[PDB]
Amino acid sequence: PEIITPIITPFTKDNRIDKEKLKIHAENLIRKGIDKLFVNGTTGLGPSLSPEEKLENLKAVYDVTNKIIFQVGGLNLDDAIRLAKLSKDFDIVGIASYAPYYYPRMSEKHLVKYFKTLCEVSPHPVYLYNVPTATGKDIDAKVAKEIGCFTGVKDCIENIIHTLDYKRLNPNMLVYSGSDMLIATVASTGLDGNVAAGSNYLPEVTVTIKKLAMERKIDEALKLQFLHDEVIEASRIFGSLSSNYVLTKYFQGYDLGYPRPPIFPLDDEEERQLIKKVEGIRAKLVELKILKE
């Protein structure tokens, strides 16, 4: 199984993508053992990016690696089609789309047609990005089978029964969990990995949990998983999407600029309180020789 980072998008003070800081971030992640980078996901504020900015993001990361899954979805299908087609020039793993978000009670037929339209035009394998909380609708294993053209799925529902059902109804499909808290479990139960937001800032930990579980050292894996869980929990106190910037600087030593408002940066008191919550975890991780001091 794999650890895939849904890579953060760093913005400048001028609310433009900071390509320099992004390439630095990407190259650290690859050097620390991340298998692939998922570009323009939730964690990368994808829905906050214009079609042109989704492409800009791909180009900056592609300078670093071609191990990219390129998220192109949106509420203007023509733009999503144009991004799928433009990805022909890039030798990447695949493209991806969440379900059309916002609109409630969309018909299954219209959801199916949306995804099939993207497969029709795609020059690469197509991955399902299933984020039911964010989009308001689930594309479960049966609808995924009906759509019939997904090479893989990232399932962000917190219920591994749901995630396992993709593999049961679609045995050739690659199946990942979007949970940071299930890295140990996914690796130990036969699924293909995790698209883990927390690997932005502790890629060392996410990869080590996975290695330990693969080696059937389930107890060590779980004790490290539980330390990772505490960081995730601390990241949610002030909003995880904003907190992920602060944590990546704290743990990895470089900065990722700003988020895009209304994903607002943490203020200096929140930054201090957050670091307070993870100070001790860092020291334990250095002690354990997972982080350089």
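Numbering starts at 1 and runs along the sequence shown.
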Check your understanding: Which has the higher mean CA temperature factor in the PDB entry, 142-150 or 101-109?
Key -> 101-109
Point to revise | Per the entry, higher mean C-alpha B factor between 118-126 and 192-200 | key: 118-126
Review point. With respect to the C-alpha temperature factors reported in the PDB entry, which of 49, 224, 68, 256 ranks highest?
Key: 224
Study note, to complete from the structure: For 184, 161, 175, 157, the deposited C-alpha B-factor is largest at 157
Practice item. Using the B-factors in the PDB entry, rank residue 228's C-alpha atom against the chain and give the third, lowest, middle or highest. Key: middle
**Study point:** residue 75, C-alpha B-factor rank within chain (lowest, middle or highest third)
**Key:** middle
Practice item. Sort the modelled residues of this chain by their C-alpha B factor and say whether residue 245 lands in the lowest, middle or highest third. Key: lowest
Practice item. Determine, from the deposited record, the chain-internal third of the Cα B-factor for residue 285: lowest, middle or highest. Key: highest
Exercise for review: Would you check the entry's CA temperature factor for residue 27 and let me know if it's in the chain's lowest, middle or highest third?
Suggested key: lowest
